[PDB]
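*Asks:*
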Amino acid sequence: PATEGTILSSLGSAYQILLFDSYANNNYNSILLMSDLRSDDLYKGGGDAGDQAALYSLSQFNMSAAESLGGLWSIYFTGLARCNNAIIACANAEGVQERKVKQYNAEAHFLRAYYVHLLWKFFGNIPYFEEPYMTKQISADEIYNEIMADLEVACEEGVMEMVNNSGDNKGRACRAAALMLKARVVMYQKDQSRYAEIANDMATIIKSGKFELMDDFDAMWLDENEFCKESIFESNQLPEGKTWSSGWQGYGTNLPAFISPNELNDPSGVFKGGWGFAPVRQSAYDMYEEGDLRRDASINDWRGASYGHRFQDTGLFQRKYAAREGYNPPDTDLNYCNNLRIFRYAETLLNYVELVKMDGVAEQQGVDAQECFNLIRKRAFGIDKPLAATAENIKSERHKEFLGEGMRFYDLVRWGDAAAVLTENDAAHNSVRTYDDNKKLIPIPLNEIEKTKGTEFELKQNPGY
Numbered sequence: 017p018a019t020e021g022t023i024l025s026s027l028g029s030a031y032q033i034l035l036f037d038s039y040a041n042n043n044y045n046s047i048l049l050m051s052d053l054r055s056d057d058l059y060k061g062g063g064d065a066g067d068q069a070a071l072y073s074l075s076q077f078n079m080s081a082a083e084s085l086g087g088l089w090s091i092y093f094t095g096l097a098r099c100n101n102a103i104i105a106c107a108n109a110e111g112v113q114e115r116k117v118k119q120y121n122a123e124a125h126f127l128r129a130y131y132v133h134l135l136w137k138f139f140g141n142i143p144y145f146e147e148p153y154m155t156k157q158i159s160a161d162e163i164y165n166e167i168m169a170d171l172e173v174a175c176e177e178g179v180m181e182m183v184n185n186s187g188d189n190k191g192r193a194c195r196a197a198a199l200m201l202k203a204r205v206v207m208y209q210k211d212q213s214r215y216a217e218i219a220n221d222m223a224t225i226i227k228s229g230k231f232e233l234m235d236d237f238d239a240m241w242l243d244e245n246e247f248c249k250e251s252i253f254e255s256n257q258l259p260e261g262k263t264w265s266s267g268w269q270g271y272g273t274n275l276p277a278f279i280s281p282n283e284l285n286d287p288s289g290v291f292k293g294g295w296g297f298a299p300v301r302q303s304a305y306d307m308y309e310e311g312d313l314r315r316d317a318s319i320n321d322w323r324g325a326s327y328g329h330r331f332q333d334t335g336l337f338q339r340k341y342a343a344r345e346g347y348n349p350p353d354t355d356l357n358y359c360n361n362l363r364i365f366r367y368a369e370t371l372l373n374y375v376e377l378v379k380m381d382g383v384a385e386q387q388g389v390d391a392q393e394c395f396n397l398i399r400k401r402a403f404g405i406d407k408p409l410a411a412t413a414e415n416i417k418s419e420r421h422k423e424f425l426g427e428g429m430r431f432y433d434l435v436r437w438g439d440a441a442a443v444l445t446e447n448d449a450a451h452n453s454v455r456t457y458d459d460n461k462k463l464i465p466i467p468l469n470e471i472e473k474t475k476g477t478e479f480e481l482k483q484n485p486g487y
């Protein structure tokens, strides 16, 4: 049997996995960056091609089983096992009020859906288990069904609060987060049977009036705005506890170190130096129209400034999670305080516009898709700038809205635009790669195809690897 304290403890252990992607079993595998490194927005950077070589192969659609993202396999299969114990706990709860038990079971179900959807996005065909090694590998399509079963529990109306941005429950899983995870997963699976349902879910979020767009796109990334009125779910990053030795304790993120210029010298004294990974492409700068405030909010232009130029240098770096003076309280480079904005309301609006205008869903709850799209453009420019909600303009606006937030790659894959948009010979920046359907996945790690070889439960490597 289980008490309230055991359940809160098992759950506490489940949540922790959110803080670890940026040093994942001691691997630099920042979760949104592992997506954007396969977009048309970034290059790999670092000292040279072989400085974090697996990140180069990731960026070039050229990975080998031998150097996959074993660190994300390790932290999310741990995240899965911890969720399983938090759910087993909730099911053997006794003497705990049914209301609270319902909430904790839903938080654990959200977290299990969240961790399994990352394993699903990265690896596809995985050994899945719900009870506390010797497990059948099941197909990406089967895994999808497992995730949607967990989201039915997490999204259930009147169980989790719609938002958890304040009081004792700040940063706890909320119903808006479960519904956004459901939309992300249904849209990535292209499960048309559920488009009307997720469009209605977006409308429910929009109609709740519990969320608004930040007027100041730039400001929303400052620590003052950890849990602002636009944030649906973010990692609670605190600037301490991670060590060069272990990425299995503490609260900090290495991401702002990883992606900021080497030995940067900002005369303004706002920004701080990092390892010079993930430089921004000039094309990503240039796509922004004059007046679009998102450009200078998304991209630090250091083309005039003093820093150590590293591999595939462009002068341009990611701003939202840039290394900032202060955000690093005195193993300081593993411990920035920048919360990862996992879901925000801008995504709620653009998901709704896409499902109505691109996927042909009827408007839900009288929500006007063109008005939602106009809201996005208005915040972008600080003034009304209406634009017809066409597939081309929706795809462009999502591109411009989420630079450095790990959306572009998955959006191109699910749109069927990845082959055309990501296949390139960019010789001048050492980016030469052909996207094909096999590159939707990365390899199952060799060391895990090893630990399983010659058993009933042998792991099969992903196609083309």
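Mapping of the sequence shown onto mature numbering (1 follows the signal peptide of the UniProt record, and there is no 0): residues 17 to 148, 153 to 350, 353 to 487, in sequence order.
Virtual Cβ for every residue (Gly too), placed ideally from N, Cα, C.
So, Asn360 versus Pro276, is the Cβ gap smaller than 8 Å?
*Replies:* In this structure, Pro276 lies closer than 8 Å to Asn360 by Cβ.
*Asks:* At what residues does the alpha helix (DSSP H) containing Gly28 begin and finish?
*Replies:* 20–32 is the extent of the alpha helix (DSSP H) around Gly28.
*Asks:* Go to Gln209, then tell me how far its beta strand (DSSP E) extends in each direction, as first and last residue.
*Replies:* Here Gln209 belongs to no beta strand (DSSP E); instead the alpha helix (DSSP H) covers 195–209.
*Asks:* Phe138 to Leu444, Cα distance in whole Å?
*Replies:* Cα to Cα, the separation comes out at about 17 Å.
*Asks:* Here's a check: name, in chain order, each residue in its chain whose Cβ is nearer than 6 Å to the Cβ of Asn373, leaving out the five neighbours to either side.
*Replies:* Here the set comprises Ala203, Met222.
*Asks:* Spatial neighbours of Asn460 within its chain, please: CB distance less than 6 Å, with the 5 preceding and 5 following residues excluded, ordered by chain position.
*Replies:* Answer for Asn460: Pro485, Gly486, listed in chain order.
*Asks:* Jot down the residue ranges of each uninterrupted alpha helix (DSSP H) in the region 243–314, minimum 4 residues, whole runs only, in chain order.
*Replies:* Counting only runs of 4 or more, we get 275–279, 302–306.
*Asks:* So what does DSSP say about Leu233, is it helix, strand or coil?
*Replies:* Coil at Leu233, not helix or strand.
*Asks:* Would you report the Cα separation of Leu258 and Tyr59, rounded to the nearest angstrom?
*Replies:* If I take the Cα positions, the gap works out to 28 Å.
*Asks:* Tell me which same chain residues have a C-beta within less than 6 Å of the C-beta of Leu134, skipping the five on either side of it?
*Replies:* Within the same chain, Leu134 has close Cβ partners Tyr92.
*Asks:* Go ahead and label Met79 buried or exposed: buried means 16 or more other beta carbons lie within 10 angstroms of its beta carbon, across all protein chains shown.
*Replies:* Result: buried.
*Asks:* Contact defined as beta carbons within less than 8 Å: I believe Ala343 pairs with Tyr358. What is the distance between those atoms, to the nearest angstrom?
*Replies:* Contact holds; Cβ gap of about 7 Å.
*Asks:* Pick out whichever of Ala65, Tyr271, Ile466, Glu166 has its Cα sitting closest to the Cα of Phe331.
*Replies:* Among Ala65, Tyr271, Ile466, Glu166, the Cα nearest to that of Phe331 is on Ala65.
*Asks:* List the whole-angstrom C-beta distance separating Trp295 from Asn282, where the pair is believed to meet the contact cut-off of C-beta under 8 Å.
*Replies:* Confirmed, Cβ separation roughly 6 Å.
*Asks:* Excluding five sequence neighbours on each side, which residues of the same chain lie with their C-beta closer than 7 Å to the C-beta of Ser55?
*Replies:* Closer than 7 Å at Cβ, skipping near neighbours: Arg430, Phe431.
*Asks:* Using 8 Å as the threshold, is the C-beta distance between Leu233 and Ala368 below it?
*Replies:* Taking 8 Å as the Cβ cut-off, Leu233 and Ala368 qualify as a contacting pair.
*Asks:* Can you find at least 3 beta carbon pairs, one from the region 373–383 and one from the region 413–420, that sit closer than 8 Å?
*Replies:* Yes, they touch.
*Asks:* Smallest Cα separation from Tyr131: which of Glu478, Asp235, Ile163, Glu110?
*Replies:* Selected option, being the one with the closest Cα: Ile163.
*Asks:* Taking 8 Å as the cut-off, decide whether the C-beta atoms of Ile405 and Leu371 are in contact.
*Replies:* No, they are not a contact pair.
*Asks:* Less than 8 Å between the C-beta atoms of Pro299 and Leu356, yes or no?
*Replies:* Contact flag unset, no.
*Asks:* Please say whether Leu49 and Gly293 have beta carbons closer to each other than 8 Å?
*Replies:* No, Cβ-Cβ distance for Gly293 and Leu49 is not below 8 Å.
*Asks:* Is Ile471 closer than 8 Å to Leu481 when the C-beta atoms are compared?
*Replies:* Yes. Within cutoff.
*Asks:* Whole alpha helix (DSSP H) runs in the region 51–83 with 4 or more residues, listed along the chain?
*Replies:* Listed in chain order, they are 69–75.
*Asks:* For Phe291, which of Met154, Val112, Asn108, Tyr341 has the nearest alpha-carbon?
*Replies:* Minimum Cα distance to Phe291 is reached at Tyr341.
*Asks:* Go through its chain and collect everything with a Cβ distance to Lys118's Cβ below 7 Å, but skip five positions before and after it.
*Replies:* Once the five neighbours on either side are set aside, the close Cβ partners of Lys118 are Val179.
*Asks:* Checking contacts by CB at 8 Å: is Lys475 closer than that to chain B?
*Replies:* Absent from the structure: chain B. Only one protein chain is present.
*Asks:* Which runs of the beta strand (DSSP E) spanning at least 3 residues fall entirely within the region 437–474, listed in chain order?
*Replies:* You should have 446–448, 453–455.
*Asks:* Taking the alpha-carbon of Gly388 as reference, which of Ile225, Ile103, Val183 has the nearest alpha-carbon?
*Replies:* Selected option, being the one with the closest Cα: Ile225.
*Asks:* Determine the DSSP secondary structure at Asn42, reduced to helix, strand or coil.
*Replies:* Residue state, collapsed to three classes: coil.
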